[PDB]
Amino acid sequence: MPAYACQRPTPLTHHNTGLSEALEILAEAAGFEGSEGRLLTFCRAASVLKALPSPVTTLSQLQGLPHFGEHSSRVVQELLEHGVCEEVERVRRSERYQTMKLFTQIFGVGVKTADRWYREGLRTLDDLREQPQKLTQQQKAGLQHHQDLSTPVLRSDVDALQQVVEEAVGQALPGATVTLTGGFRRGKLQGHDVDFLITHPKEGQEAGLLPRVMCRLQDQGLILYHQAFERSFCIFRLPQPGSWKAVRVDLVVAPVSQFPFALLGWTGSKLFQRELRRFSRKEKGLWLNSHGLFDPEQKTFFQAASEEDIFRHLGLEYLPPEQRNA
DNA sequence: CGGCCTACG
DNA sequence: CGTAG
DNA sequence: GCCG
Ligand SMILES: [Mn+2]
Ligand SMILES: [Mn+2]
Ligand SMILES: [Mn+2]
Ligand SMILES: [Mn+2]
Ligand SMILES: [Mn+2]
Ligand SMILES: [Mn+2]
Ligand code: NA
């Protein structure tokens, strides 16, 4: 088992679901306390289990696995022997965990804001609604739409949404294309939002595109909320039988020269991409982001025509999106 | 021990 | 500060 | 919390 998640296939469904979910609770809780290092170790340990070919049945099967030390091994041991880990359950029921989870779920609220509200004594959404002058416009939108935004987006919803985005994109710039990214591109059947990547085959034609797209979607009455720019974090009105629901949609524009890097970055998973950027820098001495791959010694950017090119540049076996579910 | 991804709005 | 994978 |  290699130490970096980008070095091994990780399928969407696997054989250690219960174990990985428990470690991800501890990862999430570490994030709420500002310990990004502990969050990373628990996320990485969970991801190792997702990549295994069969269920872990005995503690002995953890020896030699990367990111399993005393703490993560004790969690698994308690789950194997008792079906529950007391630490995990204590986190689950804790007021701190439940409230930080509730608050950070709000669009416009991060860990730092949620923690401040927690220290001020706030605990519920209605607490926040009874003091609305303290909220940003973004947070007000996130709170008004919170119920709809807590409802999973179905892959069945995504097709209809892509065609309306394509219509606006085609008026904004004929020939421009829309690609579904994020978790749906990795094969998820549900998600918390829809992610789209927009480009145009003629380099430079994409300049100034996203404002033109947003104006057109807004004129169609489809935009419930949005803030030159190249990323837009929106709330869209999506049809429903006899009504509609609010859905989070992210739109990103990239020049076609950067498209493989943007496709790779926006297809995720989040942990996969953090691990891939870490691997690039620490093992290969190259700097990766969603715009390109930089050699800081020769002062040059790698040209990529495909995701396959990027894996080759980095000396990694190619993984299709459905094996990037770290 | 230091490091932990790397951007844009 | 928020947001993205 | 774990790697290297
Ligand atoms: Mn170990
Ligand atoms: Mn026991
Ligand atoms: Mn998504
Ligand atoms: Mn998104
Ligand atoms: Mn850019
Ligand atoms: Mn996210
Ligand atoms: Na949030």
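Each chain gets a letter, A, B and so on, in the order its sequence line appears, and its residues count up from 1. In what follows, every heavy atom counts, from backbone to side chain, and hydrogens, waters and symmetry copies are set aside.
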Distance test, side-chain N/O of A/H226 to OP1/OP2 of B/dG9, below 4.0 Å: no
By nearest nucleotide on DNA chain B, pick out whichever of A/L40 and A/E230 is the more 5' one. A/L40
Would you please confirm or rule out a distance under 4.0 Å between OP1 or OP2 of D/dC2 and any side-chain N or O of A/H67? no
side-chain contact (heavy atoms from CB on, under 4.5 Å) evaluation trace for A/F103 with A/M100: CA-CA 5 Å; A/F103 285 172; A/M100 306 277 290; 5.8 Å; no
A/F107 has its side chain closest, among C/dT3, C/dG5, B/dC5, to C/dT3
Are A/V194 and A/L210 joined in one hydrophobic group, where the rule is that I, L, V, M, F, W and Y side chains link up if heavy atoms are under 4.5 Å apart? yes
Distance check: side-chain N/O of A/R274 vs OP1/OP2 of B/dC5, anything under 4.0 Å? yes
If you compare every side-chain N and O of A/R281 against the phosphate oxygens of B/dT6 (OP1, OP2), does one of them come in below 4.0 Å? yes
Suppose we call a contact any N or O donor and acceptor under 3.5 Å apart; does that hold for the side chain of A/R231 and the base of C/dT3? no
Students often get this wrong, so: under 4.0 angstrom with heavy atoms, is A/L288 touching a base, only sugar-phosphate, or nothing? sugar-phosphate
For C/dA4, does either OP1 or OP2 sit under 4.0 Å from a side-chain N or O belonging to A/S290? no
Check each of A/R186, A/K50, A/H14 against A/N325 using the side chain to side chain contact (heavy atoms under 4.5 Å, CB included) test, and report the only one that passes. A/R186
Does OP1 or OP2 of B/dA7 have a side-chain N or O of A/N289 closer than 4.0 Å? yes
Between A/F302 and A/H313, what is the ring plane arrangement, given parallel below 30°, perpendicular above 60°, and tilted in between? tilted
Per salt bridge (charged side-chain N to carboxylate O under 4.0 Å, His left out), A/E275 is matched among A/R8, A/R44, A/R281 by A/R44
Between A/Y97 and A/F32, how do the two ring planes meet: parallel, tilted or perpendicular, split at 30° and 60°? tilted
Determine the Euclidean distance between corresponding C1' atoms of D/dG1 and B/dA7; express it in Å to zero decimal places. 26 Å
Would you tabulate the pairs of protein nitrogen or oxygen atoms and nucleotide nitrogen or oxygen atoms of nucleotides 1-3 of chain B closer than 3.5 angstrom?
from: B/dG3; atom 1: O3'; to: A/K282; atom 2: NZ; distance (Å): 3.3

Any donor-acceptor N or O pair under 3.5 Å, side chains A/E87, A/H71: yes
Nearest to the side chain of A/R277 - B/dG9, C/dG5, C/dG2? C/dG5
